[PDB]
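Okay, structure first, notes after.
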Amino acid sequence: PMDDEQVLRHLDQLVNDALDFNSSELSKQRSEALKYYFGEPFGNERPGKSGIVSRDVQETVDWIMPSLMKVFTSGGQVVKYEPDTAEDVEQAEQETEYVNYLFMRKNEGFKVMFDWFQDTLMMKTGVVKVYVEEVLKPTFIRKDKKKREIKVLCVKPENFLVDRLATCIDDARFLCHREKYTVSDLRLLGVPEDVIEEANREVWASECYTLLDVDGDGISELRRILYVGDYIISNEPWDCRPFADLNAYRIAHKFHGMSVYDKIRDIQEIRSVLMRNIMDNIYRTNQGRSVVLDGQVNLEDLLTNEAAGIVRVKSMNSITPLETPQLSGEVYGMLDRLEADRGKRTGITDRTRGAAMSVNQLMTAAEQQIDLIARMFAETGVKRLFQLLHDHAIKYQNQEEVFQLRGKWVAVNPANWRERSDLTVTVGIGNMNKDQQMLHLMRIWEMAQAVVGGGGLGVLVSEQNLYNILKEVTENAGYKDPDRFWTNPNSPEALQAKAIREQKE
Amino acid sequence: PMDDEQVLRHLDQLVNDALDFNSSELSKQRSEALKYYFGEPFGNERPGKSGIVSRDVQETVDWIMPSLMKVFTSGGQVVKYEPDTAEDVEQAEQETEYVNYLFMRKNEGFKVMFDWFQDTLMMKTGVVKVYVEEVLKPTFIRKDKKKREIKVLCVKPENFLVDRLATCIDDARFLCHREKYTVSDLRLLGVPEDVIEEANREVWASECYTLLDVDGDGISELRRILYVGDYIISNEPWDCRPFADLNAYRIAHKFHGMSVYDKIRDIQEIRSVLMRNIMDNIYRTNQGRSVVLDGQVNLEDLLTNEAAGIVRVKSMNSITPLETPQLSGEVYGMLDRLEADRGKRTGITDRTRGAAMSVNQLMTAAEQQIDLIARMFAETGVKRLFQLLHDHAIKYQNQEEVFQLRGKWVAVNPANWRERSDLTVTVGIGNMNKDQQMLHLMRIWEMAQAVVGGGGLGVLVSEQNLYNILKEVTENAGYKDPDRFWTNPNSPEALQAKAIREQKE
Amino acid sequence: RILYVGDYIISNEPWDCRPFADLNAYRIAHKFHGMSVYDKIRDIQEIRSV
């Protein structure tokens with residue numbers, strides 16, 4: 001109660017605790033992933049011998065990421081709002097296109113999402129922050145003053161001090177995000193002084209989202225605090241925490257989640273160890289295990305590496321040269337076995353893609369788990385879409401949409417639609433375009449001609465509903481509105497293309 | 001009888017008994033499950049040697065989850081109510097869609113069921129709790145006051161102290177569920193004080209469903225007790241225990257159930273130990289068992305691993321080096337055999353899926369027992385569906401449905417029908433859409449053309465029942481009502497599309 | 001923009017937009033200078049040669 005300063009050192013204690021725990025555990029884990037991912041020696045490679053590390057999770061990322069790009073960077077149909085049937089054309093797809101068109105190609109595009117993937121699959125934690133900014137350059141026609149925008153940036157979750165007792169975004173009582181915010185930002189804020197840490201003061205700042213009882217009252221909302229260096233803070237009640245804290249696998253009841261590397265490492269290190277061991281044994285056989293004595297062969301055969309090739313014992317030629325056993329080629333079948341295991345861990349198709357033409361593309365490449373991970377990423381980003389929708393429905397701007405047409409009012413007073421639907425893009429019904437479109441076209445075309453033989457075109461499903469029937473084809477073909485208009489609903493075109501042109505001629 | 005404090009001590013004793021027994025046995029079993037799933041070393045791996053642990057249960061879970069998604073996360077046809085033949089359209093499908101649309105798209109999706117799967121198949125027990133809450137933010141148009149919601153949460157059954165002598169939901173005389181419910185919830189209740197256990201008091205609370213004699217009368221119903229810390233409790237005559245307690249295998253007469261881990265223990269352990277033994281023998285062969293003596297070879301050949309390669313005996317080189325036997329590659333064939341068994345343990349098709357096109361999709365993929373487990377999951381969720389329908393038929397809200405059309409009265413006065421039918425989803429009649437729809441279309445198209453040749457349309461099944469005939473196709477296509485409306489029942493549509501348009505022309 | 005040649009007459013001028021690209025060839029982790037296509041085929045080349 002009446003907390004204005006105890007919040008400062010309480011937040012400092014929370015920041016220090018998150019520093020300690022998060023740093024130790026998560027930094028050690030993500031740093032292990034970093035060292036064995038890049039393929040540099042792990043430190044157990046002695047000098048004078050080839051410490052070659054065979055990178056195997058690098059191609060694993062090279063495999064997983066493009067499928068993520070296909071499923072996610074594919075049109076604006078990924079997430080829908082699907083509110084009550086009345087208000088759909090009004091704001092549902094309208095606010096959907098607003099938030100996508102503002103997030104895609106207006107909020108850092110998909111690059112932040114790519115780095116988000118990496119953060120949740122490389123260094124075990126994918127989390128970003130969404131915030132606001134102003135606009136400048138007025139007519140001093142060109143009136144650009146105080147326009148508000150809302151955009152997202154990766155937080156570098158190494159600078160995302162937070163308790164491990166959340167397991168979800170709306171569970172952390174203390175969210176500390178660390179940034180530089182140099183003397184330029186100190187001046188823009190207005191603090192004339194600095195901290196211990198020349199414009200290159202490399203000053204360090206932190207932002208804390210946390211709730212307490214600072215008013216001697218009930219449960220308070222989220223509080224945003226700009227605890228920088230125990231200096232002038234920006235304390236403010238907050239409305240929604242802009243973070244997402246991915247874990248990439250929907251692991252059990254814990255905040256920080258394991259990475260994709262954490263399950264392919266076994267394959268990677270086993271591969272590298274076996275290949276290095278086999279070449280080392282090959283080299284051991286190649287050099288020649290010739291036993292040299294003491295007193296005789298004072299040159300140790302010149303280490304069996306020079307261009308002389310003379311043993312030069314002295315007088316005794318007993319010699320007991322042990323023969324180094326060779327290594328069979330069947331251990332190189334373990335290379336293929338490890339490739340298959342690395343597959344069957346994430347990309348179960350050992351090949352690039354392991355009558356009925358394998359409907360749904362071999363049922364999504366044999367119920368591929370990457371589709372599940374895409375499902376979980378999309379459902380997590382549902383919260384991001386809501387967060388952006390809130391930060392814009394509080395106030396963003398009056399800007400016009402590019403939603404296939406002209407006409408869109410201000411999106412600072414939409415209906416949030418209280419939920420985002422993103423089922424039809426993943427392990428759900430998820431009939432991918434290459435499959436949904438083909439199944440639709442084939443079966444619908446064949447029922448269509450069957451009924452036209454049997455029933456007809458106008459009495460049954462007609463050119464206005466055949467409009468939508470062909471439409472599914474059009475939208476799946478990538479061109480949604482303009483290339484295949486075909487609307488013909490009820491118009492001067494429809495009065496001359498469905499009723500007059502047919503009932504009289 | 002007339003028990004007010006002896007109930008508290010009796011419940012404390014039952015809490016302690018459940019703690020001891022359930023904690024010890026089931027917690028140890030689920031901890032073993034967690035340890036062997038996570039693939040960390042079992043503890044028998046000595047330092048200096050590769051303790052490789054093969055996570056074999058993980059890809060099995062990855063195999064079973066998508067099938068769970070096909071069976072469950074596919075349409076709302078999973079459970080019907082099966083009332084009298086009259087009150088079907090009235091509430092049966094109506095209340096079915098009400099509970100679904102409240103549970104899907106309004107109750108956290110399937111994530112809680114995902115965790116329920118995991119708990120019952122990996123952590124050895126899947127149980128969840130259904131409860132109620134209120135709604136806020138009125139006009140201060142926007143009138144949101146006292147609206148009641150009912151929703152379910154996973155309990156982490158480690159916090160579900162309960163006797164092992166139930167074997168069913170309606171058999172536990174003592175259901176103790178543990179939670180945190182920190183000081184915020186204490187103040188929300190109104191308790192000014194706390195227990196032994198700073199707003200972070202990390203307090204812990206328990207909830208008890210138990211029946212006893214507290215009124216000096218006949219057999220009383222259940223009672224709910226908010227036994228927290230021997231502090232202010234919340235007792236109430238309770239009516240329905242909102243729990244599910246899945247076991248994932250329908251084990252014999254005992255409460256707690258086995259995990260899938262409990263049956264893949266042998267497969268995973270054998271695979272890991274065999275590959276570890278093979279690789280260890282490989283390393284032993286590589287290093288070389290060279291017999292050295294005392295006094296000579298004081299450098300122990302530099303452990304036969306350095307880059308010098310000079311044995312440096314002294315003067316004697318008798319040497320009796322035994323040769324380590326190699327390991328044949330046929331054990332890698334038994335690795336394929338183990339993969340085949342790991343199939344044949346749960347997913348009896350060792351492959352991804354092991355003339356008449358293999359009718360019913362090779363008879364549900366070689367009569368896969370995963371479909372049986374899905375059946376028993378569905379019958380388990382039958383009770384949960386009834387619990388929800390009760391908690392809403394007592395009081396939920398007046399809100400309408402999204403059941404293909406606008407219009408639904410208050411679901412606080414439905415008819416529960418006392419029964420939830422879910423037969424057609426599994427091994428049962430269960431003609432899956434993938435085969436039901438295809439057999440339907442083939443047989444119907446051929447019989448229908450035969451009838452047209454011989455009998456005709458109006459004589460036999462007509463356009464109004466040809467409507468339903470095409471319907472099975474349409475509902476199998478994912479668009480049930482709207483895309484193929486075709487109802488044409490008796491209307492201006494029937495008057496100009498089935499009655500007058502054909503007889504007079 | 002500063003034409004610091006040899007600590008001599010510089011062509012100092014405010015600039016509007018920096019004309020550079022600084023690729024890294026692989027979109028490597030959070031660092032300016034990135035690893036090349038060399039760093040992943042050098043191992044294969046070295047093993048082949050040896």
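In the structure tokens, chains take letters A, B, ... by order of appearance, with residues numbered from 1 within each chain and ligands from 1 in the order shown.
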
Using only C-alpha atoms, which residues sit within 10 Å of region 177-188 of chain B once same-chain residues fewer than 6 positions away are excluded, as a PDB file with N, CA, C and O atoms, in the first residue's frame?
ATOM      1  N   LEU A 212       1.390  -4.708  -8.340  1.00  0.00           N
ATOM      2  CA  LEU A 212       1.551  -4.701  -6.893  1.00  0.00           C
ATOM      3  C   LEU A 212       0.337  -4.009  -6.285  1.00  0.00           C
ATOM      4  O   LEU A 212      -0.671  -3.780  -6.959  1.00  0.00           O
ATOM      5  N   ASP A 213       0.435  -3.677  -5.001  1.00  0.00           N
ATOM      6  CA  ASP A 213      -0.572  -2.881  -4.310  1.00  0.00           C
ATOM      7  C   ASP A 213       0.068  -1.549  -3.941  1.00  0.00           C
ATOM      8  O   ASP A 213       0.566  -1.379  -2.824  1.00  0.00           O
ATOM      9  N   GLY A 218      -7.440  -2.767  -3.959  1.00  0.00           N
ATOM     10  CA  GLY A 218      -7.510  -4.118  -4.475  1.00  0.00           C
ATOM     11  C   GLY A 218      -6.415  -4.461  -5.462  1.00  0.00           C
ATOM     12  O   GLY A 218      -5.380  -3.791  -5.522  1.00  0.00           O
ATOM     13  N   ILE A 219      -6.638  -5.515  -6.245  1.00  0.00           N
ATOM     14  CA  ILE A 219      -5.639  -5.995  -7.195  1.00  0.00           C
ATOM     15  C   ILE A 219      -5.472  -4.946  -8.289  1.00  0.00           C
ATOM     16  O   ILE A 219      -6.424  -4.626  -9.006  1.00  0.00           O
TER      17      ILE A 219
ATOM     18  N   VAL B  15      -6.322 -36.173   3.656  1.00  0.00           N
ATOM     19  CA  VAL B  15      -5.316 -35.469   2.867  1.00  0.00           C
ATOM     20  C   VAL B  15      -3.951 -36.094   3.088  1.00  0.00           C
ATOM     21  O   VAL B  15      -3.201 -36.323   2.138  1.00  0.00           O
ATOM     22  N   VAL B 128      -8.898 -33.380 -14.859  1.00  0.00           N
ATOM     23  CA  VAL B 128      -9.107 -31.943 -14.962  1.00  0.00           C
ATOM     24  C   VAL B 128     -10.263 -31.550 -14.051  1.00  0.00           C
ATOM     25  O   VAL B 128     -11.039 -32.394 -13.597  1.00  0.00           O
ATOM     26  N   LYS B 129     -10.373 -30.250 -13.779  1.00  0.00           N
ATOM     27  CA  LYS B 129     -11.390 -29.714 -12.883  1.00  0.00           C
ATOM     28  C   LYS B 129     -12.220 -28.659 -13.600  1.00  0.00           C
ATOM     29  O   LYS B 129     -11.668 -27.743 -14.211  1.00  0.00           O
ATOM     30  N   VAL B 155      -5.410 -29.991 -13.720  1.00  0.00           N
ATOM     31  CA  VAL B 155      -5.120 -29.845 -12.297  1.00  0.00           C
ATOM     32  C   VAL B 155      -3.688 -30.197 -11.941  1.00  0.00           C
ATOM     33  O   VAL B 155      -3.297 -30.009 -10.777  1.00  0.00           O
ATOM     34  N   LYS B 156      -2.891 -30.684 -12.896  1.00  0.00           N
ATOM     35  CA  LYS B 156      -1.600 -31.276 -12.575  1.00  0.00           C
ATOM     36  C   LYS B 156      -1.821 -32.333 -11.502  1.00  0.00           C
ATOM     37  O   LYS B 156      -1.512 -32.101 -10.325  1.00  0.00           O
ATOM     38  N   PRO B 157      -2.367 -33.499 -11.874  1.00  0.00           N
ATOM     39  CA  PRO B 157      -2.859 -34.473 -10.885  1.00  0.00           C
ATOM     40  C   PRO B 157      -1.898 -34.805  -9.752  1.00  0.00           C
ATOM     41  O   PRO B 157      -2.291 -35.456  -8.779  1.00  0.00           O
ATOM     42  N   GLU B 158      -0.640 -34.374  -9.863  1.00  0.00           N
ATOM     43  CA  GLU B 158       0.238 -34.382  -8.701  1.00  0.00           C
ATOM     44  C   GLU B 158      -0.354 -33.562  -7.562  1.00  0.00           C
ATOM     45  O   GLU B 158      -0.075 -33.831  -6.388  1.00  0.00           O
ATOM     46  N   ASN B 159      -1.176 -32.564  -7.890  1.00  0.00           N
ATOM     47  CA  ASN B 159      -1.925 -31.788  -6.912  1.00  0.00           C
ATOM     48  C   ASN B 159      -3.374 -32.253  -6.802  1.00  0.00           C
ATOM     49  O   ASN B 159      -4.271 -31.439  -6.563  1.00  0.00           O
ATOM     50  N   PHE B 160      -3.614 -33.548  -6.982  1.00  0.00           N
ATOM     51  CA  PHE B 160      -4.946 -34.147  -6.955  1.00  0.00           C
ATOM     52  C   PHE B 160      -4.982 -35.312  -5.976  1.00  0.00           C
ATOM     53  O   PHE B 160      -5.339 -36.439  -6.322  1.00  0.00           O
ATOM     54  N   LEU B 161      -4.556 -35.050  -4.739  1.00  0.00           N
ATOM     55  CA  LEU B 161      -4.545 -36.071  -3.697  1.00  0.00           C
ATOM     56  C   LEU B 161      -5.890 -36.779  -3.614  1.00  0.00           C
ATOM     57  O   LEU B 161      -6.933 -36.148  -3.425  1.00  0.00           O
ATOM     58  N   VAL B 162      -5.853 -38.101  -3.753  1.00  0.00           N
ATOM     59  CA  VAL B 162      -7.069 -38.899  -3.809  1.00  0.00           C
ATOM     60  C   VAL B 162      -6.698 -40.360  -3.587  1.00  0.00           C
ATOM     61  O   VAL B 162      -5.570 -40.778  -3.871  1.00  0.00           O
ATOM     62  N   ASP B 194      -3.671 -15.119   6.969  1.00  0.00           N
ATOM     63  CA  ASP B 194      -3.153 -16.203   6.156  1.00  0.00           C
ATOM     64  C   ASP B 194      -2.760 -17.342   7.087  1.00  0.00           C
ATOM     65  O   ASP B 194      -3.173 -17.396   8.250  1.00  0.00           O
ATOM     66  N   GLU B 198       4.364  -8.674   2.274  1.00  0.00           N
ATOM     67  CA  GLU B 198       4.794  -9.391   1.080  1.00  0.00           C
ATOM     68  C   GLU B 198       3.615 -10.104   0.427  1.00  0.00           C
ATOM     69  O   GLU B 198       3.120 -11.106   0.944  1.00  0.00           O
ATOM     70  N   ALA B 199       3.165  -9.575  -0.715  1.00  0.00           N
ATOM     71  CA  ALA B 199       2.059 -10.199  -1.432  1.00  0.00           C
ATOM     72  C   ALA B 199       2.434 -11.583  -1.940  1.00  0.00           C
ATOM     73  O   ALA B 199       1.554 -12.413  -2.192  1.00  0.00           O
ATOM     74  N   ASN B 200       3.731 -11.850  -2.094  1.00  0.00           N
ATOM     75  CA  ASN B 200       4.215 -13.164  -2.510  1.00  0.00           C
ATOM     76  C   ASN B 200       4.388 -14.036  -1.271  1.00  0.00           C
ATOM     77  O   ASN B 200       5.498 -14.333  -0.821  1.00  0.00           O
ATOM     78  N   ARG B 201       3.260 -14.454  -0.710  1.00  0.00           N
ATOM     79  CA  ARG B 201       3.283 -15.412   0.384  1.00  0.00           C
ATOM     80  C   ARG B 201       3.295 -16.851  -0.106  1.00  0.00           C
ATOM     81  O   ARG B 201       3.353 -17.765   0.724  1.00  0.00           O
ATOM     82  N   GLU B 202       3.233 -17.063  -1.427  1.00  0.00           N
ATOM     83  CA  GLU B 202       3.274 -18.380  -2.061  1.00  0.00           C
ATOM     84  C   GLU B 202       2.415 -19.392  -1.311  1.00  0.00           C
ATOM     85  O   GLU B 202       2.753 -20.570  -1.213  1.00  0.00           O
ATOM     86  N   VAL B 203       1.256 -18.934  -0.830  1.00  0.00           N
ATOM     87  CA  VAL B 203       0.359 -19.790  -0.066  1.00  0.00           C
ATOM     88  C   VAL B 203      -0.129 -20.949  -0.936  1.00  0.00           C
ATOM     89  O   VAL B 203      -0.173 -20.858  -2.169  1.00  0.00           O
ATOM     90  N   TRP B 204      -0.467 -22.062  -0.286  1.00  0.00           N
ATOM     91  CA  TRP B 204      -0.954 -23.264  -0.947  1.00  0.00           C
ATOM     92  C   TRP B 204      -2.309 -23.641  -0.362  1.00  0.00           C
ATOM     93  O   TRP B 204      -2.514 -23.550   0.853  1.00  0.00           O
ATOM     94  N   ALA B 205      -3.237 -24.067  -1.220  1.00  0.00           N
ATOM     95  CA  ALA B 205      -4.600 -24.364  -0.797  1.00  0.00           C
ATOM     96  C   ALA B 205      -5.044 -25.722  -1.328  1.00  0.00           C
ATOM     97  O   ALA B 205      -4.499 -26.239  -2.307  1.00  0.00           O
ATOM     98  N   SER B 206      -6.053 -26.294  -0.666  1.00  0.00           N
ATOM     99  CA  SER B 206      -6.630 -27.572  -1.063  1.00  0.00           C
ATOM    100  C   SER B 206      -8.150 -27.476  -1.083  1.00  0.00           C
ATOM    101  O   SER B 206      -8.751 -26.729  -0.304  1.00  0.00           O
ATOM    102  N   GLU B 207      -8.763 -28.227  -1.991  1.00  0.00           N
ATOM    103  CA  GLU B 207     -10.210 -28.316  -2.121  1.00  0.00           C
ATOM    104  C   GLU B 207     -10.623 -29.774  -2.004  1.00  0.00           C
ATOM    105  O   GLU B 207     -10.047 -30.638  -2.670  1.00  0.00           O
ATOM    106  N   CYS B 208     -11.622 -30.039  -1.171  1.00  0.00           N
ATOM    107  CA  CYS B 208     -12.054 -31.395  -0.870  1.00  0.00           C
ATOM    108  C   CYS B 208     -13.503 -31.591  -1.283  1.00  0.00           C
ATOM    109  O   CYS B 208     -14.372 -30.796  -0.914  1.00  0.00           O
ATOM    110  N   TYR B 209     -13.754 -32.650  -2.036  1.00  0.00           N
ATOM    111  CA  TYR B 209     -15.100 -33.155  -2.274  1.00  0.00           C
ATOM    112  C   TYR B 209     -15.233 -34.456  -1.499  1.00  0.00           C
ATOM    113  O   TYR B 209     -14.537 -35.434  -1.793  1.00  0.00           O
ATOM    114  N   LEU B 226     -12.979 -25.909   1.458  1.00  0.00           N
ATOM    115  CA  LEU B 226     -11.783 -25.175   1.049  1.00  0.00           C
ATOM    116  C   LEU B 226     -10.736 -25.212   2.159  1.00  0.00           C
ATOM    117  O   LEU B 226     -10.316 -24.192   2.706  1.00  0.00           O
ATOM    118  N   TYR B 227     -10.316 -26.429   2.484  1.00  0.00           N
ATOM    119  CA  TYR B 227      -9.243 -26.624   3.449  1.00  0.00           C
ATOM    120  C   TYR B 227      -7.943 -26.088   2.874  1.00  0.00           C
ATOM    121  O   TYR B 227      -7.357 -26.693   1.974  1.00  0.00           O
ATOM    122  N   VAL B 228      -7.467 -24.969   3.409  1.00  0.00           N
ATOM    123  CA  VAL B 228      -6.278 -24.340   2.856  1.00  0.00           C
ATOM    124  C   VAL B 228      -5.070 -24.658   3.724  1.00  0.00           C
ATOM    125  O   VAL B 228      -4.146 -25.357   3.292  1.00  0.00           O
ATOM    126  N   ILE B 232      -9.789 -20.540   7.177  1.00  0.00           N
ATOM    127  CA  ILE B 232     -11.178 -20.388   6.761  1.00  0.00           C
ATOM    128  C   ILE B 232     -11.426 -21.219   5.511  1.00  0.00           C
ATOM    129  O   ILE B 232     -10.767 -21.039   4.480  1.00  0.00           O
TER     130      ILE B 232
END

Would you pick out the contacts of region 12-24 of chain C at 12 Å or less, using only C-alpha atoms, so that residues sharing its chain but fewer than 5 positions from it are not included, and give the list as a VMD selection string?
chain C and resid 1 to 5 29 to 39

Going by DSSP on the backbone, which residues of region 139-367 of chain A come out as alpha helix (DSSP H)? List them as a VMD selection string. chain A and resid 183 to 189 261 to 287 333 to 345 359 to 367

Quiz item: Within 12 Å of chain C, which residues of chain A show up when using only C-alpha atoms, listed as JSON, numbers by chain?
Solution: {"A": [34, 37, 38, 39, 40, 41, 49, 50, 51, 52, 53, 54, 55, 56, 58, 59, 62, 111, 114, 115, 116, 118, 119, 122, 123, 154, 155, 156, 158, 275, 276, 279, 280, 282, 283, 286]}

Write the residues of the preceding selection, restricted to C-alpha atoms, as a PDB file, in the first residue's frame.
ATOM      1  CA  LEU A  34      25.108 -22.111 -29.841  1.00  0.00           C
ATOM      2  CA  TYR A  37      25.305 -25.658 -33.560  1.00  0.00           C
ATOM      3  CA  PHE A  38      28.014 -23.597 -35.282  1.00  0.00           C
ATOM      4  CA  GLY A  39      30.241 -26.664 -35.669  1.00  0.00           C
ATOM      5  CA  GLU A  40      33.309 -25.228 -33.980  1.00  0.00           C
ATOM      6  CA  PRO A  41      35.255 -27.691 -31.804  1.00  0.00           C
ATOM      7  CA  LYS A  49      44.549 -33.898 -34.717  1.00  0.00           C
ATOM      8  CA  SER A  50      41.573 -32.979 -36.900  1.00  0.00           C
ATOM      9  CA  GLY A  51      38.826 -31.832 -34.551  1.00  0.00           C
ATOM     10  CA  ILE A  52      36.161 -31.802 -37.261  1.00  0.00           C
ATOM     11  CA  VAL A  53      32.578 -31.241 -36.109  1.00  0.00           C
ATOM     12  CA  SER A  54      29.951 -32.411 -38.598  1.00  0.00           C
ATOM     13  CA  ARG A  55      27.099 -29.911 -38.463  1.00  0.00           C
ATOM     14  CA  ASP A  56      23.823 -31.840 -38.528  1.00  0.00           C
ATOM     15  CA  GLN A  58      22.216 -26.767 -39.244  1.00  0.00           C
ATOM     16  CA  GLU A  59      20.609 -28.701 -42.092  1.00  0.00           C
ATOM     17  CA  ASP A  62      17.601 -25.509 -43.076  1.00  0.00           C
ATOM     18  CA  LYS A 111      11.651 -10.898 -40.423  1.00  0.00           C
ATOM     19  CA  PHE A 114      11.832 -15.387 -38.552  1.00  0.00           C
ATOM     20  CA  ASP A 115      14.105 -14.214 -35.735  1.00  0.00           C
ATOM     21  CA  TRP A 116      11.334 -15.286 -33.360  1.00  0.00           C
ATOM     22  CA  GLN A 118      15.258 -18.777 -34.410  1.00  0.00           C
ATOM     23  CA  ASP A 119      14.992 -17.557 -30.815  1.00  0.00           C
ATOM     24  CA  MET A 122      18.100 -21.811 -31.534  1.00  0.00           C
ATOM     25  CA  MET A 123      18.352 -20.270 -28.055  1.00  0.00           C
ATOM     26  CA  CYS A 154      12.617  -9.034 -30.898  1.00  0.00           C
ATOM     27  CA  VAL A 155      13.664  -8.577 -27.276  1.00  0.00           C
ATOM     28  CA  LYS A 156      16.760 -10.794 -27.416  1.00  0.00           C
ATOM     29  CA  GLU A 158      18.760 -13.040 -23.130  1.00  0.00           C
ATOM     30  CA  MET A 275      33.058 -39.851 -38.165  1.00  0.00           C
ATOM     31  CA  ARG A 276      35.985 -38.265 -36.304  1.00  0.00           C
ATOM     32  CA  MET A 279      39.011 -41.024 -39.615  1.00  0.00           C
ATOM     33  CA  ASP A 280      41.320 -41.044 -36.586  1.00  0.00           C
ATOM     34  CA  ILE A 282      42.172 -44.557 -40.505  1.00  0.00           C
ATOM     35  CA  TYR A 283      45.046 -42.154 -39.820  1.00  0.00           C
ATOM     36  CA  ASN A 286      47.969 -45.081 -42.303  1.00  0.00           C
TER      37      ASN A 286
END

Distance criterion (only C-alpha atoms): nearest to chain B out of A:229, A:333, A:66, A:257:
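Looking at the shortest contact to chain B, the residue is A:333.
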
Might you pull out every residue within 12 Å of residue 314 (chain B), with only C-alpha atoms counted and same-chain residues fewer than 6 positions away left off, and present them as a short mmCIF file (atom, residue, chain, number, x, y, z; two decimals) with N, CA, C and O atoms, in the first residue's frame?
data_model
loop_
_atom_site.label_atom_id
_atom_site.label_comp_id
_atom_site.auth_asym_id
_atom_site.auth_seq_id
_atom_site.Cartn_x
_atom_site.Cartn_y
_atom_site.Cartn_z
N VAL A 291 56.85 -50.58 -34.05
CA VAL A 291 57.38 -50.39 -32.70
C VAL A 291 58.87 -50.10 -32.79
O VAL A 291 59.64 -50.89 -33.34
N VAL A 292 59.28 -48.96 -32.25
CA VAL A 292 60.68 -48.58 -32.20
C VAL A 292 61.18 -48.79 -30.78
O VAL A 292 60.42 -48.76 -29.81
N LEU A 293 62.48 -49.02 -30.66
CA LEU A 293 63.11 -49.32 -29.39
C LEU A 293 63.83 -48.09 -28.86
O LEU A 293 63.78 -47.00 -29.44
N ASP A 294 64.53 -48.28 -27.74
CA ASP A 294 65.34 -47.24 -27.14
C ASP A 294 66.81 -47.58 -27.35
O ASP A 294 67.22 -48.73 -27.22
N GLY A 295 67.59 -46.57 -27.70
CA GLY A 295 68.97 -46.78 -28.11
C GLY A 295 69.10 -47.02 -29.60
O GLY A 295 69.91 -46.39 -30.27
N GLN A 296 68.28 -47.93 -30.13
CA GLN A 296 68.16 -48.13 -31.56
C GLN A 296 66.91 -47.41 -32.06
O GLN A 296 65.92 -47.28 -31.35
N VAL B 292 50.55 -54.04 -21.49
CA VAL B 292 51.80 -53.45 -21.05
C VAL B 292 52.11 -54.00 -19.67
O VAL B 292 51.24 -54.51 -18.96
N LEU B 293 53.38 -53.89 -19.29
CA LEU B 293 53.85 -54.46 -18.04
C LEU B 293 54.13 -53.33 -17.05
O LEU B 293 53.91 -52.15 -17.33
N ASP B 294 54.64 -53.70 -15.88
CA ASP B 294 55.08 -52.75 -14.88
C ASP B 294 56.58 -52.55 -15.00
O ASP B 294 57.33 -53.52 -15.21
N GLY B 295 57.02 -51.31 -14.89
CA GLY B 295 58.41 -50.97 -15.15
C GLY B 295 58.65 -50.51 -16.57
O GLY B 295 59.30 -49.49 -16.79
N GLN B 296 58.12 -51.25 -17.54
CA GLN B 296 58.17 -50.84 -18.93
C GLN B 296 56.83 -50.23 -19.34
O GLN B 296 55.78 -50.57 -18.80
N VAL B 297 56.90 -49.32 -20.31
CA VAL B 297 55.75 -48.53 -20.76
C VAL B 297 55.21 -47.80 -19.53
O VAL B 297 54.09 -48.04 -19.08
N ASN B 298 56.05 -46.95 -18.92
CA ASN B 298 55.60 -46.14 -17.80
C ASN B 298 54.61 -45.06 -18.24
O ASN B 298 53.90 -44.51 -17.40
N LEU B 299 54.56 -44.76 -19.53
CA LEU B 299 53.65 -43.77 -20.08
C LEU B 299 52.31 -44.37 -20.47
O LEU B 299 51.50 -43.67 -21.09
#

In Å, how far is it from CA of residue 412 (chain A) to CA of residue 395 (chain A)?
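Those two atoms sit 4.7 Å apart.
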
- Message: When you look at region 452-465 of chain A with a cut-off of 8 Å (counting only C-alpha atoms), what residues show up, excluding the ones that are within fewer than 6 positions of it in the same chain? I need them as an MDAnalysis selection string.
- Response: (chainID A and resid 487:489 498) or (chainID B and resid 484 486 496:497 501)

Atom pair CA of residue 164 (chain B) + CA of residue 22 (chain B), distance 7.2 Å

| request: For residue 403 (chain B), list every protein, DNA or RNA residue within 10 Å, evaluated using only C-alpha atoms, and leave out those in the same chain fewer than 4 positions away; present the list as a PyMOL selection string. | output: chain B and resi 93-98+100-101+407-408+481

Nearest to residue 11 (chain A) by atom-to-atom distance, counting only C-alpha atoms, from A:124, A:471, A:224, A:148: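 Using only C-alpha atoms, residue 11 (chain A) sits closest to A:224.
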
Q. Near residue 107 (chain B), counting only C-alpha atoms, which residues have an atom at most 12 Å away, once you skip same-chain residues fewer than 2 positions from it, shown as a list in words?
A.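 My list of contacting residues is residues 419 of chain A; 98, 99, 100, 101, 102, 103, 104, 105, 109, 110, 111, 112, 113, 130, 131, 132, 149, 150, 151, 152, 153 and 388 of chain B.
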